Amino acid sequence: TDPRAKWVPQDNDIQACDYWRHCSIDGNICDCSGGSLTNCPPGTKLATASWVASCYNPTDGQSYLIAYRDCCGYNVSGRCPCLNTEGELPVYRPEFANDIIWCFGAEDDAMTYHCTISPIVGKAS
């Protein structure tokens, strides 16, 4: 709860904003509106695009690529809001930018933002 202090990751609770995989999340944790860490809630639509970040995992000391994907087609969840920005770059480097609504590829052309999932898609580097 010091906002300007270096972000301290934890691996014990996925609903809180300091969970290690949320290091560059912008919005809401889908685990808090009926999805899960890596799945969308019912009635929403899973985008295919993603911004990515290398998030340090305090547990095994390894860095993993989290490819954030949005669940779209609902109004914002309003539960478990978080904005982190580890390694986050301005819009002109979109692959690393998180103000952008990554709902591209979602079924039914869904582009409204409900929440975001935090899957590992790789090792850093």
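Note that residue numbering begins at 1 and tracks the sequence as displayed.
- Look at the mean CA B-factor for 28-36 and for 58-66 in the entry; the higher one is 58-66.
- The stretch 7-15 shows the higher mean C-alpha B-factor when 112-120 is compared against 7-15 in the entry.
- Residues shown: 76, 53, 82, 71. Highest C-alpha temperature factor in the entry: 53.
- Split the chain's modelled residues into thirds by C-alpha temperature factor. Residue 94 is in the highest one.
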